[PDB]
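Here is the file run.pdb (PDB, C-alpha atoms and all ligand atoms).
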ATOM      1  CA  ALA A   1     -10.677 -29.609   1.838
ATOM      2  CA  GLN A   2     -14.192 -28.070   1.869
ATOM      3  CA  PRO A   3     -14.079 -25.378  -0.871
ATOM      4  CA  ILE A   4     -15.719 -22.080   0.005
ATOM      5  CA  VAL A   5     -18.163 -21.107  -2.749
ATOM      6  CA  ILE A   6     -18.841 -17.558  -3.920
ATOM      7  CA  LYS A   7     -21.558 -17.394  -6.559
ATOM      8  CA  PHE A   8     -21.260 -13.931  -8.138
ATOM      9  CA  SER A   9     -24.352 -13.045 -10.194
ATOM     10  CA  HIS A  10     -24.799  -9.963 -12.375
ATOM     11  CA  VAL A  11     -27.014  -8.699 -15.194
ATOM     12  CA  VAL A  12     -24.477  -7.264 -17.658
ATOM     13  CA  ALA A  13     -22.432  -8.612 -20.556
ATOM     14  CA  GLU A  14     -18.931  -9.987 -20.018
ATOM     15  CA  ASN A  15     -17.229  -7.199 -22.041
ATOM     16  CA  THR A  16     -18.136  -4.441 -19.572
ATOM     17  CA  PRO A  17     -16.569  -2.923 -16.414
ATOM     18  CA  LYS A  18     -18.596  -5.148 -14.075
ATOM     19  CA  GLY A  19     -18.344  -8.211 -16.305
ATOM     20  CA  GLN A  20     -14.560  -7.914 -16.442
ATOM     21  CA  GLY A  21     -14.366  -7.134 -12.718
ATOM     22  CA  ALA A  22     -16.281 -10.276 -11.748
ATOM     23  CA  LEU A  23     -14.025 -12.392 -13.980
ATOM     24  CA  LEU A  24     -10.866 -10.770 -12.562
ATOM     25  CA  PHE A  25     -12.043 -11.368  -8.988
ATOM     26  CA  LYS A  26     -12.535 -15.039  -9.908
ATOM     27  CA  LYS A  27      -9.098 -15.274 -11.528
ATOM     28  CA  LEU A  28      -7.171 -13.628  -8.685
ATOM     29  CA  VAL A  29      -9.030 -15.447  -5.908
ATOM     30  CA  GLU A  30      -8.601 -18.846  -7.553
ATOM     31  CA  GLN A  31      -4.890 -18.232  -8.224
ATOM     32  CA  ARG A  32      -3.939 -16.656  -4.892
ATOM     33  CA  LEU A  33      -5.977 -18.877  -2.542
ATOM     34  CA  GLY A  34      -5.086 -22.106  -4.379
ATOM     35  CA  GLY A  35      -8.667 -23.239  -4.973
ATOM     36  CA  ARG A  36      -9.779 -22.927  -1.312
ATOM     37  CA  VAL A  37     -12.334 -20.394  -2.574
ATOM     38  CA  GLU A  38     -14.217 -21.035  -5.810
ATOM     39  CA  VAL A  39     -15.861 -18.098  -7.570
ATOM     40  CA  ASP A  40     -18.659 -19.004  -9.997
ATOM     41  CA  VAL A  41     -19.526 -16.001 -12.167
ATOM     42  CA  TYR A  42     -22.951 -15.776 -13.804
ATOM     43  CA  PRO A  43     -23.305 -12.862 -16.278
ATOM     44  CA  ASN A  44     -26.299 -11.616 -18.243
ATOM     45  CA  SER A  45     -28.842 -12.515 -15.511
ATOM     46  CA  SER A  46     -28.087 -16.209 -16.172
ATOM     47  CA  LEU A  47     -28.476 -17.070 -12.478
ATOM     48  CA  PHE A  48     -30.650 -14.195 -11.191
ATOM     49  CA  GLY A  49     -31.888 -10.954 -12.777
ATOM     50  CA  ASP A  50     -32.811  -7.561 -11.327
ATOM     51  CA  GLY A  51     -34.702  -7.661  -8.026
ATOM     52  CA  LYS A  52     -34.674 -11.464  -7.807
ATOM     53  CA  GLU A  53     -30.909 -11.256  -7.201
ATOM     54  CA  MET A  54     -31.439  -9.390  -3.899
ATOM     55  CA  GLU A  55     -34.116 -11.823  -2.755
ATOM     56  CA  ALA A  56     -31.625 -14.612  -3.461
ATOM     57  CA  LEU A  57     -28.779 -12.878  -1.604
ATOM     58  CA  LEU A  58     -30.910 -12.584   1.547
ATOM     59  CA  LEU A  59     -31.800 -16.303   1.355
ATOM     60  CA  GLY A  60     -28.203 -17.407   0.732
ATOM     61  CA  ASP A  61     -28.835 -18.628  -2.849
ATOM     62  CA  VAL A  62     -26.045 -16.307  -4.055
ATOM     63  CA  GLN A  63     -23.048 -14.802  -2.232
ATOM     64  CA  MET A  64     -21.913 -11.766  -4.210
ATOM     65  CA  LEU A  65     -23.670  -9.152  -6.360
ATOM     66  CA  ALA A  66     -22.814  -5.697  -7.696
ATOM     67  CA  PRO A  67     -26.121  -3.943  -8.465
ATOM     68  CA  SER A  68     -26.481  -0.430  -9.769
ATOM     69  CA  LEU A  69     -26.754   2.113  -6.929
ATOM     70  CA  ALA A  70     -30.221   2.917  -8.327
ATOM     71  CA  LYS A  71     -31.624  -0.447  -7.199
ATOM     72  CA  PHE A  72     -31.439  -0.244  -3.401
ATOM     73  CA  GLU A  73     -34.516   1.785  -2.334
ATOM     74  CA  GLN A  74     -36.185  -1.243  -0.675
ATOM     75  CA  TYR A  75     -33.159  -1.672   1.627
ATOM     76  CA  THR A  76     -32.231   1.955   2.377
ATOM     77  CA  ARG A  77     -33.493   5.338   1.199
ATOM     78  CA  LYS A  78     -30.049   6.962   1.510
ATOM     79  CA  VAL A  79     -28.378   5.395  -1.536
ATOM     80  CA  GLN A  80     -30.995   7.132  -3.715
ATOM     81  CA  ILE A  81     -28.690  10.136  -3.653
ATOM     82  CA  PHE A  82     -26.664   8.503  -6.448
ATOM     83  CA  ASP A  83     -29.688   8.675  -8.796
ATOM     84  CA  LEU A  84     -30.376  12.431  -8.558
ATOM     85  CA  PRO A  85     -29.890  14.023 -12.011
ATOM     86  CA  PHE A  86     -26.955  16.398 -12.510
ATOM     87  CA  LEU A  87     -25.820  15.946  -8.909
ATOM     88  CA  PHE A  88     -22.341  14.760  -9.957
ATOM     89  CA  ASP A  89     -20.490  16.484 -12.802
ATOM     90  CA  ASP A  90     -18.458  13.380 -13.663
ATOM     91  CA  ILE A  91     -17.072  10.153 -12.254
ATOM     92  CA  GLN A  92     -14.200  11.979 -10.529
ATOM     93  CA  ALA A  93     -16.811  13.799  -8.425
ATOM     94  CA  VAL A  94     -18.785  10.702  -7.462
ATOM     95  CA  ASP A  95     -15.473   9.045  -6.538
ATOM     96  CA  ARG A  96     -14.666  11.859  -4.088
ATOM     97  CA  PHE A  97     -18.147  11.537  -2.591
ATOM     98  CA  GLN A  98     -17.750   7.753  -2.248
ATOM     99  CA  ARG A  99     -14.460   8.235  -0.372
ATOM    100  CA  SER A 100     -15.945  10.776   2.079
ATOM    101  CA  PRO A 101     -16.916   9.595   5.614
ATOM    102  CA  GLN A 102     -20.575   9.610   4.583
ATOM    103  CA  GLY A 103     -19.840   7.820   1.292
ATOM    104  CA  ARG A 104     -17.906   5.107   3.115
ATOM    105  CA  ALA A 105     -20.763   4.811   5.625
ATOM    106  CA  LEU A 106     -23.252   4.023   2.835
ATOM    107  CA  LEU A 107     -21.462   0.691   2.328
ATOM    108  CA  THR A 108     -22.887  -0.299   5.757
ATOM    109  CA  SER A 109     -26.318   1.318   5.209
ATOM    110  CA  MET A 110     -28.023  -2.056   4.681
ATOM    111  CA  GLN A 111     -26.155  -4.016   7.376
ATOM    112  CA  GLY A 112     -29.292  -4.123   9.553
ATOM    113  CA  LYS A 113     -31.003  -6.060   6.744
ATOM    114  CA  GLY A 114     -28.101  -8.540   6.384
ATOM    115  CA  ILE A 115     -26.325  -6.901   3.407
ATOM    116  CA  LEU A 116     -22.684  -5.792   3.498
ATOM    117  CA  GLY A 117     -21.105  -3.417   0.983
ATOM    118  CA  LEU A 118     -17.518  -4.312   0.034
ATOM    119  CA  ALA A 119     -16.643  -1.789  -2.683
ATOM    120  CA  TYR A 120     -17.825   0.803  -5.142
ATOM    121  CA  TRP A 121     -17.230   0.041  -8.851
ATOM    122  CA  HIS A 122     -17.567   2.694 -11.521
ATOM    123  CA  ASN A 123     -19.335   2.331 -14.859
ATOM    124  CA  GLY A 124     -19.860   5.834 -16.226
ATOM    125  CA  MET A 125     -22.225   8.700 -16.921
ATOM    126  CA  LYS A 126     -25.716   8.161 -18.322
ATOM    127  CA  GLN A 127     -26.828   9.353 -21.753
ATOM    128  CA  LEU A 128     -30.321   9.586 -23.273
ATOM    129  CA  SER A 129     -31.653   7.602 -26.221
ATOM    130  CA  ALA A 130     -34.864   7.462 -28.261
ATOM    131  CA  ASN A 131     -36.127   7.024 -31.813
ATOM    132  CA  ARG A 132     -36.434  10.785 -32.194
ATOM    133  CA  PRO A 133     -33.916  13.585 -31.439
ATOM    134  CA  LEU A 134     -33.641  14.715 -27.815
ATOM    135  CA  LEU A 135     -32.093  18.163 -28.200
ATOM    136  CA  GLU A 136     -34.084  20.146 -25.640
ATOM    137  CA  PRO A 137     -36.140  18.937 -22.631
ATOM    138  CA  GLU A 138     -39.488  19.573 -24.335
ATOM    139  CA  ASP A 139     -38.505  16.841 -26.831
ATOM    140  CA  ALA A 140     -38.910  14.180 -24.120
ATOM    141  CA  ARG A 141     -42.575  15.061 -23.499
ATOM    142  CA  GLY A 142     -44.979  12.162 -24.040
ATOM    143  CA  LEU A 143     -42.233   9.602 -24.700
ATOM    144  CA  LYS A 144     -42.042   6.299 -22.827
ATOM    145  CA  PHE A 145     -38.664   5.736 -21.168
ATOM    146  CA  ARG A 146     -37.398   2.518 -19.650
ATOM    147  CA  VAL A 147     -35.817   3.054 -16.256
ATOM    148  CA  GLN A 148     -34.200   0.850 -13.667
ATOM    149  CA  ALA A 149     -36.508  -0.010 -10.748
ATOM    150  CA  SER A 150     -35.955   3.330  -9.000
ATOM    151  CA  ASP A 151     -38.484   5.816  -7.628
ATOM    152  CA  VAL A 152     -35.991   8.627  -8.298
ATOM    153  CA  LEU A 153     -35.598   7.687 -11.961
ATOM    154  CA  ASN A 154     -39.345   7.282 -12.393
ATOM    155  CA  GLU A 155     -39.847  10.788 -10.986
ATOM    156  CA  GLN A 156     -37.002  12.137 -13.140
ATOM    157  CA  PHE A 157     -38.913  11.333 -16.325
ATOM    158  CA  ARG A 158     -42.270  12.368 -14.844
ATOM    159  CA  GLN A 159     -40.676  15.781 -14.146
ATOM    160  CA  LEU A 160     -40.053  16.018 -17.935
ATOM    161  CA  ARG A 161     -43.732  15.128 -18.585
ATOM    162  CA  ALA A 162     -42.579  11.781 -19.961
ATOM    163  CA  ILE A 163     -43.826   8.296 -19.087
ATOM    164  CA  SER A 164     -41.576   5.982 -17.064
ATOM    165  CA  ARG A 165     -41.597   2.193 -17.233
ATOM    166  CA  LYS A 166     -39.521   0.307 -14.666
ATOM    167  CA  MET A 167     -38.159  -2.802 -16.409
ATOM    168  CA  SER A 168     -35.421  -5.324 -15.627
ATOM    169  CA  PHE A 169     -32.188  -4.781 -17.575
ATOM    170  CA  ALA A 170     -32.597  -8.054 -19.507
ATOM    171  CA  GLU A 171     -35.830  -6.799 -21.072
ATOM    172  CA  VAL A 172     -34.666  -3.417 -22.400
ATOM    173  CA  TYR A 173     -33.714  -4.460 -25.943
ATOM    174  CA  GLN A 174     -37.040  -6.197 -26.572
ATOM    175  CA  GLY A 175     -39.005  -3.388 -24.902
ATOM    176  CA  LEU A 176     -37.503  -0.864 -27.323
ATOM    177  CA  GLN A 177     -37.653  -3.160 -30.350
ATOM    178  CA  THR A 178     -41.378  -3.831 -29.834
ATOM    179  CA  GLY A 179     -42.316  -0.261 -28.850
ATOM    180  CA  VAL A 180     -43.348  -0.934 -25.227
ATOM    181  CA  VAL A 181     -40.876   1.904 -24.614
ATOM    182  CA  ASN A 182     -39.541   4.639 -26.947
ATOM    183  CA  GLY A 183     -36.292   5.519 -25.204
ATOM    184  CA  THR A 184     -34.107   4.992 -22.141
ATOM    185  CA  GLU A 185     -30.948   6.169 -20.373
ATOM    186  CA  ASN A 186     -27.707   4.277 -19.801
ATOM    187  CA  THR A 187     -23.922   4.263 -20.193
ATOM    188  CA  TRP A 188     -22.330   3.801 -23.622
ATOM    189  CA  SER A 189     -20.972   0.424 -22.444
ATOM    190  CA  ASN A 190     -24.410  -0.918 -21.555
ATOM    191  CA  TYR A 191     -25.916   0.424 -24.771
ATOM    192  CA  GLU A 192     -23.358  -1.111 -27.128
ATOM    193  CA  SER A 193     -22.777  -4.389 -25.245
ATOM    194  CA  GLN A 194     -26.522  -5.189 -25.378
ATOM    195  CA  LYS A 195     -26.827  -3.874 -28.963
ATOM    196  CA  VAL A 196     -29.486  -1.378 -27.891
ATOM    197  CA  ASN A 197     -28.053   1.085 -30.419
ATOM    198  CA  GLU A 198     -29.654  -1.213 -33.037
ATOM    199  CA  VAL A 199     -33.104  -0.167 -31.756
ATOM    200  CA  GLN A 200     -32.380   3.497 -30.916
ATOM    201  CA  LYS A 201     -31.860   5.933 -33.799
ATOM    202  CA  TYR A 202     -30.748   8.851 -31.599
ATOM    203  CA  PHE A 203     -28.517   9.398 -28.587
ATOM    204  CA  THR A 204     -27.917  12.600 -26.641
ATOM    205  CA  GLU A 205     -24.656  12.842 -24.688
ATOM    206  CA  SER A 206     -26.324  14.474 -21.684
ATOM    207  CA  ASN A 207     -24.155  13.079 -18.846
ATOM    208  CA  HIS A 208     -27.277  13.708 -16.741
ATOM    209  CA  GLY A 209     -26.684  10.943 -14.196
ATOM    210  CA  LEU A 210     -24.495   7.939 -13.615
ATOM    211  CA  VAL A 211     -24.252   4.206 -13.257
ATOM    212  CA  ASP A 212     -22.023   2.933 -10.456
ATOM    213  CA  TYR A 213     -22.217  -0.258  -8.457
ATOM    214  CA  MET A 214     -21.998  -1.414  -4.885
ATOM    215  CA  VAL A 215     -20.328  -4.806  -4.589
ATOM    216  CA  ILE A 216     -22.345  -6.550  -1.866
ATOM    217  CA  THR A 217     -22.438  -9.838   0.022
ATOM    218  CA  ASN A 218     -24.560 -11.648   2.578
ATOM    219  CA  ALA A 219     -23.357 -10.653   6.067
ATOM    220  CA  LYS A 220     -23.848 -14.130   7.558
ATOM    221  CA  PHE A 221     -21.741 -15.686   4.811
ATOM    222  CA  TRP A 222     -19.002 -13.039   4.869
ATOM    223  CA  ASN A 223     -18.701 -12.987   8.670
ATOM    224  CA  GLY A 224     -18.697 -16.821   8.697
ATOM    225  CA  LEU A 225     -15.459 -16.964   6.681
ATOM    226  CA  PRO A 226     -12.107 -17.533   8.452
ATOM    227  CA  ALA A 227     -10.714 -14.061   9.243
ATOM    228  CA  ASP A 228      -7.486 -14.574   7.273
ATOM    229  CA  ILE A 229      -9.478 -15.582   4.177
ATOM    230  CA  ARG A 230     -11.992 -12.768   4.548
ATOM    231  CA  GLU A 231      -9.207 -10.194   4.899
ATOM    232  CA  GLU A 232      -7.375 -11.511   1.838
ATOM    233  CA  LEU A 233     -10.596 -11.560  -0.204
ATOM    234  CA  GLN A 234     -11.112  -7.895   0.717
ATOM    235  CA  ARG A 235      -7.538  -7.009  -0.306
ATOM    236  CA  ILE A 236      -8.127  -8.769  -3.633
ATOM    237  CA  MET A 237     -11.445  -6.950  -4.018
ATOM    238  CA  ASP A 238      -9.554  -3.667  -3.502
ATOM    239  CA  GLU A 239      -7.116  -4.564  -6.299
ATOM    240  CA  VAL A 240     -10.006  -5.521  -8.586
ATOM    241  CA  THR A 241     -11.773  -2.218  -7.843
ATOM    242  CA  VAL A 242      -8.686  -0.344  -9.092
ATOM    243  CA  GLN A 243      -8.738  -2.393 -12.310
ATOM    244  CA  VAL A 244     -12.479  -1.968 -12.883
ATOM    245  CA  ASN A 245     -12.277   1.794 -12.540
ATOM    246  CA  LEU A 246      -9.669   1.745 -15.364
ATOM    247  CA  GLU A 247     -11.698  -0.639 -17.531
ATOM    248  CA  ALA A 248     -14.786   1.572 -17.120
ATOM    249  CA  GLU A 249     -13.235   4.695 -18.651
ATOM    250  CA  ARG A 250     -11.908   3.034 -21.792
ATOM    251  CA  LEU A 251     -14.773   0.555 -22.264
ATOM    252  CA  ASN A 252     -17.294   3.416 -22.329
ATOM    253  CA  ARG A 253     -15.139   5.329 -24.819
ATOM    254  CA  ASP A 254     -14.749   2.288 -27.084
ATOM    255  CA  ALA A 255     -18.504   1.677 -26.909
ATOM    256  CA  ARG A 256     -19.270   5.262 -27.959
ATOM    257  CA  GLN A 257     -16.825   4.894 -30.870
ATOM    258  CA  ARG A 258     -18.468   1.620 -31.969
ATOM    259  CA  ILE A 259     -21.943   3.204 -31.880
ATOM    260  CA  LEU A 260     -20.693   6.200 -33.901
ATOM    261  CA  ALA A 261     -18.907   3.947 -36.427
ATOM    262  CA  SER A 262     -22.153   2.092 -37.155
ATOM    263  CA  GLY A 263     -23.392   5.260 -38.895
ATOM    264  CA  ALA A 264     -26.909   3.998 -38.008
ATOM    265  CA  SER A 265     -27.449   5.923 -34.762
ATOM    266  CA  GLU A 266     -26.721   9.600 -34.396
ATOM    267  CA  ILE A 267     -25.105  11.111 -31.319
ATOM    268  CA  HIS A 268     -26.036  14.666 -30.367
ATOM    269  CA  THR A 269     -23.656  16.510 -28.049
ATOM    270  CA  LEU A 270     -24.800  19.493 -25.999
ATOM    271  CA  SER A 271     -23.353  22.958 -25.564
ATOM    272  CA  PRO A 272     -23.096  24.256 -21.948
ATOM    273  CA  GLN A 273     -26.300  26.265 -22.604
ATOM    274  CA  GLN A 274     -28.158  23.196 -23.899
ATOM    275  CA  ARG A 275     -27.027  21.055 -20.959
ATOM    276  CA  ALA A 276     -28.078  23.788 -18.524
ATOM    277  CA  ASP A 277     -31.554  23.761 -20.086
ATOM    278  CA  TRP A 278     -31.840  20.027 -19.375
ATOM    279  CA  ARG A 279     -30.535  20.569 -15.851
ATOM    280  CA  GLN A 280     -33.096  23.314 -15.145
ATOM    281  CA  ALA A 281     -35.906  21.030 -16.314
ATOM    282  CA  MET A 282     -34.747  18.009 -14.284
ATOM    283  CA  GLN A 283     -33.290  19.468 -11.064
ATOM    284  CA  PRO A 284     -36.743  20.101  -9.448
ATOM    285  CA  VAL A 285     -37.028  16.348  -8.889
ATOM    286  CA  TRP A 286     -34.455  16.685  -6.064
ATOM    287  CA  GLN A 287     -37.202  18.338  -3.986
ATOM    288  CA  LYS A 288     -39.043  15.003  -3.776
ATOM    289  CA  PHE A 289     -36.066  13.164  -2.267
ATOM    290  CA  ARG A 290     -34.070  15.698  -0.233
ATOM    291  CA  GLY A 291     -35.970  14.547   2.886
ATOM    292  CA  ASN A 292     -35.028  10.889   2.307
ATOM    293  CA  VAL A 293     -31.354  11.497   1.516
ATOM    294  CA  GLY A 294     -30.958  14.274   4.084
ATOM    295  CA  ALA A 295     -29.330  17.700   3.966
ATOM    296  CA  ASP A 296     -25.927  16.361   4.976
ATOM    297  CA  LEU A 297     -25.607  13.841   2.145
ATOM    298  CA  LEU A 298     -26.818  16.402  -0.396
ATOM    299  CA  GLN A 299     -24.278  18.974   0.801
ATOM    300  CA  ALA A 300     -21.475  16.391   0.719
ATOM    301  CA  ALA A 301     -22.435  15.190  -2.764
ATOM    302  CA  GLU A 302     -22.669  18.689  -4.212
ATOM    303  CA  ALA A 303     -19.310  19.600  -2.598
ATOM    304  CA  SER A 304     -17.661  16.626  -4.344
ATOM    305  CA  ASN A 305     -17.836  18.660  -7.577
ATOM    306  CA  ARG A 306     -15.168  20.998  -6.185
ATOM    307  CA  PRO A 307     -11.764  19.187  -6.292
TER
HETATM  308  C1  LIG B   1     -27.422   0.229 -15.157
HETATM  309  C2  LIG B   1     -28.187  -1.055 -15.349
HETATM  310  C3  LIG B   1     -27.600  -2.275 -15.190
HETATM  311  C4  LIG B   1     -26.187  -2.526 -14.782
HETATM  312  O1  LIG B   1     -25.974  -3.377 -13.872
HETATM  313  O2  LIG B   1     -25.229  -1.919 -15.355
HETATM  314  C5  LIG B   1     -29.501  -0.980 -15.745
HETATM  315  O3  LIG B   1     -29.818  -0.069 -16.563
HETATM  316  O4  LIG B   1     -30.365  -1.803 -15.348
HETATM  317 CL    CL B   2     -32.194  -8.417 -15.439
HETATM  318 MG    MG B   3     -12.048 -24.106 -10.420
HETATM  319 MG    MG B   4     -29.884 -11.242 -22.312
END

Please lay out the structure from this file as structure tokens.
Ligand SMILES: C/C(=C\C(=O)O)C(=O)O
Ligand SMILES: [Cl-]
Ligand SMILES: [Mg+2]
Ligand SMILES: [Mg+2]
Amino acid sequence: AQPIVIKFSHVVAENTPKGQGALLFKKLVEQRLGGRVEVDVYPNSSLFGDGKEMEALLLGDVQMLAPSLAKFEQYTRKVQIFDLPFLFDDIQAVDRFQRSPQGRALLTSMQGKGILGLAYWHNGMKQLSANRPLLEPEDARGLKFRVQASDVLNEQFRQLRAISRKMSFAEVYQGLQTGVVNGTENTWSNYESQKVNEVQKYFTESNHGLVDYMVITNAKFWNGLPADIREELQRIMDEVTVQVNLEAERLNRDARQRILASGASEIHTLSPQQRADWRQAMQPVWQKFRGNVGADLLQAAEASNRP
């Protein structure tokens, strides 16, 4: 009789990899478990936004989240590895890293704080945007970039002699519109779904980092479920993860196409030489975090680039 409630809060639009994943998890759970588990999905920060969502998870005011891997520094300093620029060539590489023993272990890295990782969901690679062309690294100097609340990402832009402003995802469009910030970094999906292309005249397809998610829950809640239900929820989560990874690839592509079709933002692609120039300018930031992430994680992550 007593329905089990899973409030699943996230900050993105519905027509995105995570937005679709949350909705699919709801659909499959409600259909397969016959209503014993209810999943209430809250997109676009409608329940909780960045930062506040984690506070809520610890207090039991929400049961499921899927934050960007860049937003966990207050819970563990190991997951920061995912934010290092140019560490992963593409999503295939980060996937290999995530499936390694160390990558699997990161799902438990916050267990001591009451947070359990259930899955990794892909979004895509990060691009650069601004209201001026970003062709070479010197072009970023003196600009104000919005970043996720991440020490690594702050330092990434400081390394370029740019200014970083940590701001919640909900506030990016207005920040750029009103000039609080000049540029940012994100996946095509996030840019187009929030209409940020309307307030950014230039994009550079840098693929200089990535956005992936860790699906997380409150340990007390998850462990308090009947074992048969918990195990089935995890199997369903595994099926949803497969679907999300598919949605991510095509949704990012479609978003890029929509931005290009507007004919009101330009997209600059880089030659290998041009991308290497950006890499040379940004890679020194790794020095500031190699202690936190550790030699082993770095080695494993770099090795993921070799099939
Ligand atoms: C990557 C971000 C959000 C998200 O959840 O996709 C962000 O830029 O805040
Ligand atoms: Cl937000
Ligand atoms: Mg219902
Ligand atoms: Mg909004």

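For the pair atom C3 of ligand LIG 1 (chain B) and atom CA of residue A:67, the interatomic distance is 7.1 Å.
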
Which residues are near stretch 73-81 of chain A? Cut-off 10 Å, only C-alpha atoms, ignore same chain within fewer than 4 positions. Put them as an mmCIF file with C-alpha atoms, in the coordinates of the input.
data_model
loop_
_atom_site.group_PDB
_atom_site.id
_atom_site.type_symbol
_atom_site.label_atom_id
_atom_site.label_comp_id
_atom_site.auth_asym_id
_atom_site.auth_seq_id
_atom_site.Cartn_x
_atom_site.Cartn_y
_atom_site.Cartn_z
ATOM 1 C CA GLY A 51 -34.702 -7.661 -8.026
ATOM 2 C CA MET A 54 -31.439 -9.390 -3.899
ATOM 3 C CA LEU A 69 -26.754 2.113 -6.929
ATOM 4 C CA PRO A 85 -29.890 14.023 -12.011
ATOM 5 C CA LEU A 87 -25.820 15.946 -8.909
ATOM 6 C CA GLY A 103 -19.840 7.820 1.292
ATOM 7 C CA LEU A 106 -23.252 4.023 2.835
ATOM 8 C CA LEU A 107 -21.462 0.691 2.328
ATOM 9 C CA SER A 109 -26.318 1.318 5.209
ATOM 10 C CA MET A 110 -28.023 -2.056 4.681
ATOM 11 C CA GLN A 111 -26.155 -4.016 7.376
ATOM 12 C CA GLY A 112 -29.292 -4.123 9.553
ATOM 13 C CA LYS A 113 -31.003 -6.060 6.744
ATOM 14 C CA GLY A 114 -28.101 -8.540 6.384
ATOM 15 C CA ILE A 115 -26.325 -6.901 3.407
ATOM 16 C CA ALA A 149 -36.508 -0.010 -10.748
ATOM 17 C CA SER A 150 -35.955 3.330 -9.000
ATOM 18 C CA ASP A 151 -38.484 5.816 -7.628
ATOM 19 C CA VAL A 152 -35.991 8.627 -8.298
ATOM 20 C CA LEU A 153 -35.598 7.687 -11.961
ATOM 21 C CA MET A 214 -21.998 -1.414 -4.885
ATOM 22 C CA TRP A 286 -34.455 16.685 -6.064
ATOM 23 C CA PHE A 289 -36.066 13.164 -2.267
ATOM 24 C CA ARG A 290 -34.070 15.698 -0.233
ATOM 25 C CA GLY A 291 -35.970 14.547 2.886
ATOM 26 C CA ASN A 292 -35.028 10.889 2.307
ATOM 27 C CA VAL A 293 -31.354 11.497 1.516
ATOM 28 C CA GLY A 294 -30.958 14.274 4.084
ATOM 29 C CA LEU A 297 -25.607 13.841 2.145
ATOM 30 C CA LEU A 298 -26.818 16.402 -0.396
ATOM 31 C CA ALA A 301 -22.435 15.190 -2.764
#

Axis-aligned box over every listed atom of stretch 180-187 of chain A, padded by 8 Å per side: centre and edges in Å to one decimal, as lines of an AutoDock Vina configuration file?
center_x = -33.6
center_y = 2.6
center_z = -23.4
size_x = 35.4
size_y = 23.1
size_z = 23.1

Worksheet item: Using the chain letters and numbers from the file, which residues does the PyMOL selection byres (((chain A and resi 124) around 10) and not hetatm) grab, as a PyMOL selection string?
Response: chain A and resi 17+90-91+121-123+125-127+186-190+207+209-212+245+248-249+251-253

Item to complete: Work out how far atom CA of residue A:250 is from atom CA of residue A:146, in Å to one decimal.
Response: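 One can read the atom CA of residue A:146 to atom CA of residue A:250 distance as 25.6 Å.
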
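Closest approach to residue A:66 from the set A:46, A:156, A:194, A:217 is made by A:217, with distances taken over only C-alpha atoms.
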
Item to complete: Could you expand the PyMOL selection byres (((not hetatm)) within 9 of (chain B and resi 4)) into the explicit residues it covers here, written as a PyMOL selection string?
Response: chain A and resi 11-13+44-46+169-171+173+194

Fill in: Interatomic distance, atom CA of residue A:65 to atom CA of residue A:40 (Å, one decimal)
11.6 Å

Item to complete: Pick out the residues no farther than 9 Å from ligand MG 3 (chain B), counting only C-alpha atoms and all ligand atoms, and list them as a count of residues only.
Response: 6
